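Read the single chain below, which is given as structure tokens and is the form solved without the named molecule.
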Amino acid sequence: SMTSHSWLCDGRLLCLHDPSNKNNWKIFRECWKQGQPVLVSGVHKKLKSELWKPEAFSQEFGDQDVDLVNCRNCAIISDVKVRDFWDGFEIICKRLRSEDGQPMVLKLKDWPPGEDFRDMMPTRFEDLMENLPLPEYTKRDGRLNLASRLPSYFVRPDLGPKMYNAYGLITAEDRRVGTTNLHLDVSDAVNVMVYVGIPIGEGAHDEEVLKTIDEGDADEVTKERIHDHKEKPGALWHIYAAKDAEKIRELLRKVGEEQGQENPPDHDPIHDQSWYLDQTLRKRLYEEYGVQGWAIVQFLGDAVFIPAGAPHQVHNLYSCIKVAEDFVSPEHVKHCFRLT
């Protein structure tokens, strides 16, 4: 039977099932006020699927100049054409190679650049903004989005949305690497998975994806979404409550010191965006500091709601296109205030 919602993370994560249900706010606001993330499934069914394909981005925009990041070692690949990224998205024999001769796991940096999404892609902008869930929170002029209503005493988010494009991590060694490292945002965000590319040429890499989800601490109901419904998993997230951010900084200062980094006692390892919490670090956070997080698998069409101030990291299982919009909910406006 169709149902309004369900629970993941053993009851700790709300999953809303109908992205356009006008009564979603009633279930949402109780979880959101407690500083929890929220998942909304089914957004892909509301979109024009032909606007979100890697081959269309390559054909329409392929001649623009961009920088890429090598996810395995953080090396920057400077001033290449954006088609050099898109044409290797799903076909592995077309990817740029490292010196070792392996195909690289790449992230497309800052594209479209700054606030240019709306100017470059007006039809994509319309399709996304008209179909975001919880529209009183997430639309630029929603009644519960304070972004446009705040004085300079508050840090205001840039004009969005922002696109996040990267290949899937592949090997056993890749399990310890992030697509996006641990960081926090002073605004709320909604992050939508609009396309998942399961490759060909090394298509059989499906069993290391299961070990990554399992070792990632994913709950038994999330594991059922693969085996039972054959949905496409895009990315493994870890999110932590805003209230736990200082204890995470204490762990990362102690590990930095153990690894012979030489850091002043006050430096901020979350702001640095230099760490990915692997299975060893996540267990140490729990055992030594008493901190539990949320392990979330984002499938095609899932919208992840990330609370302001919540530390979070992202690990792509397959090649992903994500589109995110920042907003300022009244529940979390304290996180962007410039005093006390």
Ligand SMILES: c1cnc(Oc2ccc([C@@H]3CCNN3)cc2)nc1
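Note that the rigid core is defined as the largest set of C-alphas that superpose within 1.5 Å between two forms. Just count from 1 along the sequence shown to find any residue number.
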Response to the item:
Of 130-138 and 221-229, the one with the larger RMS C-alpha deviation from the shown form in 9 other deposited structures of this protein, core-superposed, is 221-229
Response to the item:
Taking the deposited Cα B-factors and averaging over 128-136 and over 92-100, the higher mean is found in 92-100
Item to complete: Report the stretch with the higher mean CA temperature factor, choosing between 43-51 and 28-36 on the basis of the entry.
Response: 43-51
Discussion item. Highest Cα temperature factor in the entry, among the options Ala75, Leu106, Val82, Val186: which one is it?
Written reply: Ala75
Discussion item. In terms of recorded Cα temperature factor, pick the maximum from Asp87, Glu224, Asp244, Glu250.
Written reply: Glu224
Item to complete: Relative to the other modelled residues of the same chain, rank the CA B-factor of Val177 and answer lowest, middle or highest third.
Response: middle
Worksheet item: When the modelled residues of the chain are sorted by Cα temperature factor, does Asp63 land in the lowest, middle or highest third?
Response: highest
Discussion item. Can you tell me whether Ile198 has a C-alpha B-factor in the lowest, middle or highest third compared with the other modelled residues of the same chain?
Written reply: highest
Item to complete: Relative to the other modelled residues of the same chain, rank the CA B-factor of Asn165 and answer lowest, middle or highest third.
Response: lowest
Response to the item:
Among the modelled residues of its chain, the C-alpha B-factor of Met120 falls in the third labelled highest
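The form deposited with the named molecule bound is left out here; the points below concern that form.
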Item to complete: Could you tell me if all three of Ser78, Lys81 and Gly160 have a heavy atom no more than 4.5 Å from the named molecule in the entry with it bound?
Response: no
Worksheet entry | Stretch in contact, per heavy atom within 4.5 angstroms of the named molecule in the entry with it bound, of 82-90, 221-229, 250-258, 169-177 | 221-229
Worksheet item: If you check in the entry with it bound, is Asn24 within 4.5 Å of the named molecule, heavy atoms only?
Response: yes
Worksheet item: Using heavy atoms and a 4.5 Å limit, would one call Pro233 a contact residue for the named molecule in the entry with it bound?
Response: yes
Worksheet item: Any of the heavy atoms of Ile198 lying within 4.5 Å of the named molecule in the entry with it bound?
Response: yes
